[PDB]
Amino acid sequence: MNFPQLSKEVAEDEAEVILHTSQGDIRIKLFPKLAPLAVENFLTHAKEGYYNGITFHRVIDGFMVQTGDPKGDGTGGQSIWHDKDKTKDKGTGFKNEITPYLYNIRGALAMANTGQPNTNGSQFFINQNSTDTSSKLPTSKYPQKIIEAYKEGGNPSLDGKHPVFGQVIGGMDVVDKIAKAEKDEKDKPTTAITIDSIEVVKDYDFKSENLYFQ
Ligand SMILES: [Cl-]
Ligand SMILES: [Cl-]
């Protein structure tokens with residue numbers, strides 16, 4: 001099996017963005033063929049300026065950093081289909097796109113949501129854990145190459161609950177710097193860490209029917 005998170009190369013069927021944050025650049029490749037709703041929602045919000053000035057409002061070293069909330073407290077954000085297309089957003093967000101090809105390994109980009117179905121809106125997080133807990137993973141559920149990948153860290157308890165849609169391929173040192181920022185009792189950084197802009201290096205057209213040789 002091919003696990004697209006295990007290569008830093010951007011495949012022909014992948015997209016690429018750079019989060020230009022006040023702490024540095026995070027280069028991320030996206031998986032529109034595996035998580036089409038999460039990637040379309042993210043790319044459209046990015047190009048529409050929805051994340052310009054948005055903060056990393058909650059950081060936990062050894063766990064993850066989360067962002068994408070216009071309210072800055074983890075209670076806000078909407079999908080691009082909210083009050084536009086009920087076949088995609090019934091009112092609280094879009095559905096989880098879980099696939100056996102994407103996991104919450106270190107560097108994985110996933111949607112936050114409330115833990116209930118159809119609650120993916122605009123909030124997302126980057127897995128930042130760097131501890132090896134791979135010996136506890138059931139070999140009947142985790143492919144051997146993914147168990148190997150988890151040795152570098154990740155949050156496997158998030159698999160199946162949080163849809164993965166991207167992978168950091170550059171600037172993980174910036175993600176670690178953000179995760180260790182000085183913060184208050186609610187884990188909100190003392191000095192705001194902002195997404196100043198998102199550069200779409202390689203976009204993806206959801207109406208494209210091009211076939212790519214694998
Ligand atoms: Cl990896
Ligand atoms: Cl769902």
# chains A, B, ... in the order shown; residues from 1 in each chain; ligands from 1
>>> residues_around(residues="residue 41 in chain A", least_positions_apart="5", cutoff="8 Å", atoms="only C-alpha atoms", output="PyMOL selection string")
chain A and resi 79-80+122
>>> write_last_selection(atoms="N, CA, C and O atoms", output="PDB file, in the first residue's frame")
ATOM      1  N   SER A  79     -18.040  25.819   8.008  1.00  0.00           N
ATOM      2  CA  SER A  79     -17.541  25.306   6.705  1.00  0.00           C
ATOM      3  C   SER A  79     -18.012  26.266   5.603  1.00  0.00           C
ATOM      4  O   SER A  79     -18.941  27.062   5.862  1.00  0.00           O
ATOM      5  N   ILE A  80     -17.422  26.150   4.411  1.00  0.00           N
ATOM      6  CA  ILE A  80     -17.815  26.977   3.234  1.00  0.00           C
ATOM      7  C   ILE A  80     -19.229  26.593   2.761  1.00  0.00           C
ATOM      8  O   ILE A  80     -19.736  27.282   1.873  1.00  0.00           O
ATOM      9  N   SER A 122     -14.186  24.971  10.494  1.00  0.00           N
ATOM     10  CA  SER A 122     -12.973  25.630   9.941  1.00  0.00           C
ATOM     11  C   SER A 122     -11.756  25.300  10.803  1.00  0.00           C
ATOM     12  O   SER A 122     -10.638  25.464  10.308  1.00  0.00           O
TER      13      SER A 122
END
>>> residues_near_ligand(ligand="ligand 2", cutoff="6 Å", atoms="only C-alpha atoms and all ligand atoms", output="PyMOL selection string")
chain A and resi 95-96+117-118
>>> residues_near_ligand(ligand="ligand 1", cutoff="10 Å", atoms="only C-alpha atoms and all ligand atoms", output="ChimeraX atom specification")
/A:3-8,105-108,146,148-153,167-169
>>> closest_atom_pairs(of="range 60-167 of chain A", to="range 175-179 of chain A", cutoff="10 Å", atoms="only C-alpha atoms", output="tab-separated table")
residue	atom	partner	partner_atom	distance
A:60	CA	A:179	CA	5.7
A:61	CA	A:179	CA	4.8
A:62	CA	A:179	CA	7.8
A:63	CA	A:179	CA	8.3
A:64	CA	A:179	CA	6.8
A:65	CA	A:179	CA	5.8
A:66	CA	A:179	CA	9.3
A:107	CA	A:175	CA	8.4
A:126	CA	A:175	CA	7.8
A:127	CA	A:175	CA	9.0
A:128	CA	A:176	CA	6.7
A:129	CA	A:176	CA	9.1
A:130	CA	A:176	CA	9.7
>>> select_by_dssp(residues="chain A", states="strand (DSSP E or B)", output="PDB file with N, CA, C and O atoms, in the first residue's frame")
ATOM      1  N   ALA A  15      -2.063  18.708  -3.310  1.00  0.00           N
ATOM      2  CA  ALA A  15      -2.012  20.188  -3.329  1.00  0.00           C
ATOM      3  C   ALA A  15      -0.938  20.600  -2.326  1.00  0.00           C
ATOM      4  O   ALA A  15      -0.524  19.726  -1.537  1.00  0.00           O
ATOM      5  N   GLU A  16      -0.537  21.871  -2.340  1.00  0.00           N
ATOM      6  CA  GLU A  16       0.556  22.331  -1.452  1.00  0.00           C
ATOM      7  C   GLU A  16       0.279  23.764  -1.021  1.00  0.00           C
ATOM      8  O   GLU A  16       0.017  24.618  -1.904  1.00  0.00           O
ATOM      9  N   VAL A  17       0.350  23.998   0.285  1.00  0.00           N
ATOM     10  CA  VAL A  17       0.168  25.370   0.832  1.00  0.00           C
ATOM     11  C   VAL A  17       1.311  25.669   1.793  1.00  0.00           C
ATOM     12  O   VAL A  17       1.997  24.718   2.260  1.00  0.00           O
ATOM     13  N   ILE A  18       1.474  26.956   2.084  1.00  0.00           N
ATOM     14  CA  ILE A  18       2.463  27.393   3.100  1.00  0.00           C
ATOM     15  C   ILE A  18       1.707  28.306   4.048  1.00  0.00           C
ATOM     16  O   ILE A  18       1.075  29.264   3.535  1.00  0.00           O
ATOM     17  N   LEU A  19       1.643  27.923   5.326  1.00  0.00           N
ATOM     18  CA  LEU A  19       1.085  28.828   6.358  1.00  0.00           C
ATOM     19  C   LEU A  19       2.196  29.824   6.700  1.00  0.00           C
ATOM     20  O   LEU A  19       3.243  29.382   7.239  1.00  0.00           O
ATOM     21  N   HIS A  20       1.991  31.094   6.370  1.00  0.00           N
ATOM     22  CA  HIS A  20       2.985  32.137   6.718  1.00  0.00           C
ATOM     23  C   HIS A  20       2.596  32.650   8.101  1.00  0.00           C
ATOM     24  O   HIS A  20       1.707  33.518   8.163  1.00  0.00           O
ATOM     25  N   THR A  21       3.195  32.088   9.156  1.00  0.00           N
ATOM     26  CA  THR A  21       2.833  32.477  10.546  1.00  0.00           C
ATOM     27  C   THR A  21       3.845  33.473  11.111  1.00  0.00           C
ATOM     28  O   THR A  21       4.980  33.587  10.557  1.00  0.00           O
ATOM     29  N   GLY A  24       7.047  31.742  11.688  1.00  0.00           N
ATOM     30  CA  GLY A  24       7.722  31.093  10.554  1.00  0.00           C
ATOM     31  C   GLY A  24       6.739  30.397   9.640  1.00  0.00           C
ATOM     32  O   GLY A  24       5.515  30.408   9.941  1.00  0.00           O
ATOM     33  N   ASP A  25       7.273  29.758   8.603  1.00  0.00           N
ATOM     34  CA  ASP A  25       6.462  29.107   7.543  1.00  0.00           C
ATOM     35  C   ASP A  25       6.302  27.608   7.794  1.00  0.00           C
ATOM     36  O   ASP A  25       7.271  26.956   8.197  1.00  0.00           O
ATOM     37  N   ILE A  26       5.078  27.121   7.601  1.00  0.00           N
ATOM     38  CA  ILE A  26       4.780  25.675   7.688  1.00  0.00           C
ATOM     39  C   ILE A  26       4.333  25.240   6.293  1.00  0.00           C
ATOM     40  O   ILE A  26       3.284  25.735   5.828  1.00  0.00           O
ATOM     41  N   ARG A  27       5.106  24.360   5.661  1.00  0.00           N
ATOM     42  CA  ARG A  27       4.814  23.857   4.291  1.00  0.00           C
ATOM     43  C   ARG A  27       3.999  22.571   4.450  1.00  0.00           C
ATOM     44  O   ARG A  27       4.476  21.636   5.149  1.00  0.00           O
ATOM     45  N   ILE A  28       2.808  22.549   3.846  1.00  0.00           N
ATOM     46  CA  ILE A  28       1.880  21.402   4.000  1.00  0.00           C
ATOM     47  C   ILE A  28       1.396  20.879   2.649  1.00  0.00           C
ATOM     48  O   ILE A  28       1.008  21.681   1.770  1.00  0.00           O
ATOM     49  N   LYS A  29       1.417  19.559   2.503  1.00  0.00           N
ATOM     50  CA  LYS A  29       0.802  18.996   1.289  1.00  0.00           C
ATOM     51  C   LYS A  29      -0.567  18.470   1.715  1.00  0.00           C
ATOM     52  O   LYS A  29      -0.710  18.020   2.888  1.00  0.00           O
ATOM     53  N   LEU A  30      -1.531  18.560   0.806  1.00  0.00           N
ATOM     54  CA  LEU A  30      -2.940  18.180   1.099  1.00  0.00           C
ATOM     55  C   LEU A  30      -3.336  16.976   0.246  1.00  0.00           C
ATOM     56  O   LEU A  30      -2.758  16.830  -0.843  1.00  0.00           O
ATOM     57  N   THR A  55      -5.494  33.005  14.920  1.00  0.00           N
ATOM     58  CA  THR A  55      -4.386  32.651  15.834  1.00  0.00           C
ATOM     59  C   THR A  55      -4.327  31.154  16.131  1.00  0.00           C
ATOM     60  O   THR A  55      -5.340  30.447  15.920  1.00  0.00           O
ATOM     61  N   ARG A  58      -4.668  27.444  20.949  1.00  0.00           N
ATOM     62  CA  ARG A  58      -4.446  26.399  21.972  1.00  0.00           C
ATOM     63  C   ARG A  58      -3.235  25.561  21.552  1.00  0.00           C
ATOM     64  O   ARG A  58      -3.257  24.951  20.435  1.00  0.00           O
ATOM     65  N   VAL A  59      -2.220  25.539  22.419  1.00  0.00           N
ATOM     66  CA  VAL A  59      -0.953  24.810  22.151  1.00  0.00           C
ATOM     67  C   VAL A  59      -0.641  23.897  23.341  1.00  0.00           C
ATOM     68  O   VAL A  59      -0.751  24.351  24.514  1.00  0.00           O
ATOM     69  N   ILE A  60      -0.313  22.639  23.043  1.00  0.00           N
ATOM     70  CA  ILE A  60       0.054  21.627  24.078  1.00  0.00           C
ATOM     71  C   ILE A  60       1.304  20.904  23.577  1.00  0.00           C
ATOM     72  O   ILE A  60       1.189  20.047  22.667  1.00  0.00           O
ATOM     73  N   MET A  64      -0.415  18.679  20.389  1.00  0.00           N
ATOM     74  CA  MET A  64      -0.766  19.344  19.147  1.00  0.00           C
ATOM     75  C   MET A  64      -0.911  20.848  19.363  1.00  0.00           C
ATOM     76  O   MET A  64      -0.872  21.335  20.494  1.00  0.00           O
ATOM     77  N   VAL A  65      -1.049  21.568  18.241  1.00  0.00           N
ATOM     78  CA  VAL A  65      -1.335  22.992  18.219  1.00  0.00           C
ATOM     79  C   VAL A  65      -2.620  23.153  17.388  1.00  0.00           C
ATOM     80  O   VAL A  65      -2.720  22.480  16.315  1.00  0.00           O
ATOM     81  N   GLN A  66      -3.598  23.927  17.867  1.00  0.00           N
ATOM     82  CA  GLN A  66      -4.831  24.064  17.054  1.00  0.00           C
ATOM     83  C   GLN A  66      -5.099  25.526  16.703  1.00  0.00           C
ATOM     84  O   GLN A  66      -4.674  26.441  17.460  1.00  0.00           O
ATOM     85  N   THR A  67      -5.835  25.697  15.607  1.00  0.00           N
ATOM     86  CA  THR A  67      -6.079  27.026  15.004  1.00  0.00           C
ATOM     87  C   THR A  67      -7.360  26.959  14.174  1.00  0.00           C
ATOM     88  O   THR A  67      -8.179  26.002  14.387  1.00  0.00           O
ATOM     89  N   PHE A  94     -19.343  19.628   8.272  1.00  0.00           N
ATOM     90  CA  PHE A  94     -19.364  18.512   7.293  1.00  0.00           C
ATOM     91  C   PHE A  94     -18.882  17.223   7.968  1.00  0.00           C
ATOM     92  O   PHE A  94     -18.300  17.257   9.080  1.00  0.00           O
ATOM     93  N   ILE A 105      -0.300  10.842  12.564  1.00  0.00           N
ATOM     94  CA  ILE A 105       1.148  10.804  12.903  1.00  0.00           C
ATOM     95  C   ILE A 105       1.637  12.242  13.130  1.00  0.00           C
ATOM     96  O   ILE A 105       0.934  13.209  12.735  1.00  0.00           O
ATOM     97  N   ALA A 108       0.802  15.473  10.906  1.00  0.00           N
ATOM     98  CA  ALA A 108      -0.502  15.334  10.219  1.00  0.00           C
ATOM     99  C   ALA A 108      -1.414  16.518  10.547  1.00  0.00           C
ATOM    100  O   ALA A 108      -1.496  16.899  11.721  1.00  0.00           O
ATOM    101  N   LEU A 109      -2.058  17.053   9.507  1.00  0.00           N
ATOM    102  CA  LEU A 109      -3.059  18.138   9.593  1.00  0.00           C
ATOM    103  C   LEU A 109      -4.437  17.471   9.625  1.00  0.00           C
ATOM    104  O   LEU A 109      -4.702  16.638   8.741  1.00  0.00           O
ATOM    105  N   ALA A 110      -5.259  17.774  10.628  1.00  0.00           N
ATOM    106  CA  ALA A 110      -6.604  17.166  10.761  1.00  0.00           C
ATOM    107  C   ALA A 110      -7.614  18.203  11.225  1.00  0.00           C
ATOM    108  O   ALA A 110      -7.233  19.230  11.768  1.00  0.00           O
ATOM    109  N   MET A 111      -8.907  17.912  11.001  1.00  0.00           N
ATOM    110  CA  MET A 111      -9.977  18.784  11.457  1.00  0.00           C
ATOM    111  C   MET A 111     -10.270  18.519  12.939  1.00  0.00           C
ATOM    112  O   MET A 111     -10.254  17.377  13.407  1.00  0.00           O
ATOM    113  N   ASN A 120     -17.298  19.159  11.498  1.00  0.00           N
ATOM    114  CA  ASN A 120     -16.070  19.785  10.925  1.00  0.00           C
ATOM    115  C   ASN A 120     -16.448  21.161  10.358  1.00  0.00           C
ATOM    116  O   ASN A 120     -17.363  21.220   9.519  1.00  0.00           O
ATOM    117  N   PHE A 124      -8.766  23.408  12.709  1.00  0.00           N
ATOM    118  CA  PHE A 124      -7.860  22.291  12.375  1.00  0.00           C
ATOM    119  C   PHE A 124      -6.698  22.309  13.355  1.00  0.00           C
ATOM    120  O   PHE A 124      -6.501  23.325  14.045  1.00  0.00           O
ATOM    121  N   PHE A 125      -5.982  21.195  13.420  1.00  0.00           N
ATOM    122  CA  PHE A 125      -4.820  21.092  14.333  1.00  0.00           C
ATOM    123  C   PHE A 125      -3.699  20.347  13.621  1.00  0.00           C
ATOM    124  O   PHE A 125      -3.956  19.680  12.605  1.00  0.00           O
ATOM    125  N   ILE A 126      -2.483  20.529  14.125  1.00  0.00           N
ATOM    126  CA  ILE A 126      -1.294  19.807  13.618  1.00  0.00           C
ATOM    127  C   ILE A 126      -0.791  18.913  14.754  1.00  0.00           C
ATOM    128  O   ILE A 126      -0.502  19.439  15.851  1.00  0.00           O
ATOM    129  N   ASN A 127      -0.695  17.614  14.488  1.00  0.00           N
ATOM    130  CA  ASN A 127      -0.184  16.624  15.469  1.00  0.00           C
ATOM    131  C   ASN A 127       1.288  16.977  15.711  1.00  0.00           C
ATOM    132  O   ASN A 127       2.017  17.140  14.714  1.00  0.00           O
ATOM    133  N   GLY A 154       3.033  10.820  17.359  1.00  0.00           N
ATOM    134  CA  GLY A 154       1.668  10.976  16.847  1.00  0.00           C
ATOM    135  C   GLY A 154       0.647  10.760  17.935  1.00  0.00           C
ATOM    136  O   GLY A 154       1.040  10.384  19.074  1.00  0.00           O
ATOM    137  N   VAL A 164      -7.931  13.350   8.815  1.00  0.00           N
ATOM    138  CA  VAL A 164      -6.616  13.873   8.358  1.00  0.00           C
ATOM    139  C   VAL A 164      -6.767  14.351   6.913  1.00  0.00           C
ATOM    140  O   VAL A 164      -7.406  13.637   6.146  1.00  0.00           O
ATOM    141  N   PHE A 165      -6.159  15.485   6.545  1.00  0.00           N
ATOM    142  CA  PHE A 165      -6.315  15.987   5.160  1.00  0.00           C
ATOM    143  C   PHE A 165      -5.007  16.583   4.655  1.00  0.00           C
ATOM    144  O   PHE A 165      -4.982  17.024   3.477  1.00  0.00           O
ATOM    145  N   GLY A 166      -3.973  16.578   5.494  1.00  0.00           N
ATOM    146  CA  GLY A 166      -2.676  17.111   5.052  1.00  0.00           C
ATOM    147  C   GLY A 166      -1.518  16.613   5.887  1.00  0.00           C
ATOM    148  O   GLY A 166      -1.751  15.941   6.931  1.00  0.00           O
ATOM    149  N   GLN A 167      -0.309  16.972   5.453  1.00  0.00           N
ATOM    150  CA  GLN A 167       0.943  16.557   6.129  1.00  0.00           C
ATOM    151  C   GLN A 167       1.976  17.673   5.990  1.00  0.00           C
ATOM    152  O   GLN A 167       2.226  18.120   4.861  1.00  0.00           O
ATOM    153  N   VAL A 168       2.526  18.095   7.122  1.00  0.00           N
ATOM    154  CA  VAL A 168       3.628  19.084   7.136  1.00  0.00           C
ATOM    155  C   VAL A 168       4.846  18.436   6.467  1.00  0.00           C
ATOM    156  O   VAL A 168       5.241  17.321   6.873  1.00  0.00           O
ATOM    157  N   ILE A 169       5.425  19.117   5.490  1.00  0.00           N
ATOM    158  CA  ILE A 169       6.619  18.574   4.779  1.00  0.00           C
ATOM    159  C   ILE A 169       7.776  19.551   4.940  1.00  0.00           C
ATOM    160  O   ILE A 169       8.855  19.259   4.429  1.00  0.00           O
ATOM    161  N   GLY A 170       7.523  20.671   5.617  1.00  0.00           N
ATOM    162  CA  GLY A 170       8.541  21.692   5.869  1.00  0.00           C
ATOM    163  C   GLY A 170       8.113  22.561   7.021  1.00  0.00           C
ATOM    164  O   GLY A 170       6.909  22.814   7.145  1.00  0.00           O
ATOM    165  N   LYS A 183       2.368  30.391  27.584  1.00  0.00           N
ATOM    166  CA  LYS A 183       0.891  30.347  27.444  1.00  0.00           C
ATOM    167  C   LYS A 183       0.210  30.485  28.803  1.00  0.00           C
ATOM    168  O   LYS A 183       0.895  30.321  29.812  1.00  0.00           O
ATOM    169  N   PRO A 189      -1.390  31.004  23.831  1.00  0.00           N
ATOM    170  CA  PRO A 189      -0.125  31.735  23.869  1.00  0.00           C
ATOM    171  C   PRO A 189      -0.296  33.156  24.429  1.00  0.00           C
ATOM    172  O   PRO A 189      -1.292  33.806  24.118  1.00  0.00           O
ATOM    173  N   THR A 194       0.024  34.242  14.913  1.00  0.00           N
ATOM    174  CA  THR A 194      -0.980  34.442  13.847  1.00  0.00           C
ATOM    175  C   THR A 194      -0.590  33.808  12.518  1.00  0.00           C
ATOM    176  O   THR A 194       0.634  33.652  12.222  1.00  0.00           O
ATOM    177  N   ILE A 195      -1.624  33.409  11.786  1.00  0.00           N
ATOM    178  CA  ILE A 195      -1.464  33.020  10.360  1.00  0.00           C
ATOM    179  C   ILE A 195      -1.593  34.353   9.615  1.00  0.00           C
ATOM    180  O   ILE A 195      -2.706  34.920   9.603  1.00  0.00           O
ATOM    181  N   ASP A 196      -0.498  34.881   9.089  1.00  0.00           N
ATOM    182  CA  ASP A 196      -0.553  36.214   8.434  1.00  0.00           C
ATOM    183  C   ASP A 196      -1.138  36.044   7.027  1.00  0.00           C
ATOM    184  O   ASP A 196      -1.905  36.919   6.585  1.00  0.00           O
ATOM    185  N   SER A 197      -0.812  34.934   6.373  1.00  0.00           N
ATOM    186  CA  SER A 197      -1.332  34.643   5.019  1.00  0.00           C
ATOM    187  C   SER A 197      -1.109  33.163   4.760  1.00  0.00           C
ATOM    188  O   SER A 197      -0.260  32.565   5.461  1.00  0.00           O
ATOM    189  N   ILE A 198      -1.833  32.629   3.788  1.00  0.00           N
ATOM    190  CA  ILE A 198      -1.636  31.233   3.329  1.00  0.00           C
ATOM    191  C   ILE A 198      -1.319  31.308   1.841  1.00  0.00           C
ATOM    192  O   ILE A 198      -2.148  31.857   1.062  1.00  0.00           O
ATOM    193  N   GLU A 199      -0.143  30.828   1.474  1.00  0.00           N
ATOM    194  CA  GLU A 199       0.248  30.822   0.051  1.00  0.00           C
ATOM    195  C   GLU A 199      -0.204  29.498  -0.559  1.00  0.00           C
ATOM    196  O   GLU A 199       0.110  28.449   0.023  1.00  0.00           O
ATOM    197  N   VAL A 200      -0.988  29.547  -1.637  1.00  0.00           N
ATOM    198  CA  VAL A 200      -1.365  28.282  -2.330  1.00  0.00           C
ATOM    199  C   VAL A 200      -0.298  28.060  -3.404  1.00  0.00           C
ATOM    200  O   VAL A 200      -0.362  28.726  -4.446  1.00  0.00           O
ATOM    201  N   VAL A 201       0.679  27.195  -3.116  1.00  0.00           N
ATOM    202  CA  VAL A 201       1.802  26.881  -4.046  1.00  0.00           C
ATOM    203  C   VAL A 201       1.276  26.021  -5.196  1.00  0.00           C
ATOM    204  O   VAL A 201       1.654  26.275  -6.364  1.00  0.00           O
ATOM    205  N   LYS A 202       0.473  25.011  -4.863  1.00  0.00           N
ATOM    206  CA  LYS A 202      -0.143  24.134  -5.893  1.00  0.00           C
ATOM    207  C   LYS A 202      -1.614  23.979  -5.526  1.00  0.00           C
ATOM    208  O   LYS A 202      -1.913  23.390  -4.474  1.00  0.00           O
TER     209      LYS A 202
END
>>> residues_around(residues="residue 143 in chain A", least_positions_apart="6", cutoff="12 Å", atoms="only C-alpha atoms", output="list in words")
residues 1, 2, 3, 100, 101, 102, 103, 134, 137, 149 and 150 of chain A
>>> select_by_dssp(residues="range 6-208 of chain A", states="alpha helix (DSSP H)", output="VMD selection string")
chain A and resid 36 to 48 144 to 150 172 to 179
>>> atom_distance(atom1="CA of residue 121 in chain A", atom2="CA of residue 84 in chain A")
13.4 Å
>>> residues_around(residues="range 69-71 of chain A", least_positions_apart="3", cutoff="6 Å", atoms="only C-alpha atoms", output="number ranges by chain")
A: 54, 74, 76-77, 123
>>> atom_distance(atom1="CA of residue 174 in chain A", atom2="CA of residue 68 in chain A")
17.0 Å
>>> atom_distance(atom1="CA of residue 97 in chain A", atom2="CA of residue 35 in chain A")
5.7 Å
>>> residues_around(residues="residue 188 in chain A", least_positions_apart="4", cutoff="9 Å", atoms="only C-alpha atoms", output="MDAnalysis selection string")
chainID A and resid 56:59 73 181:184 192
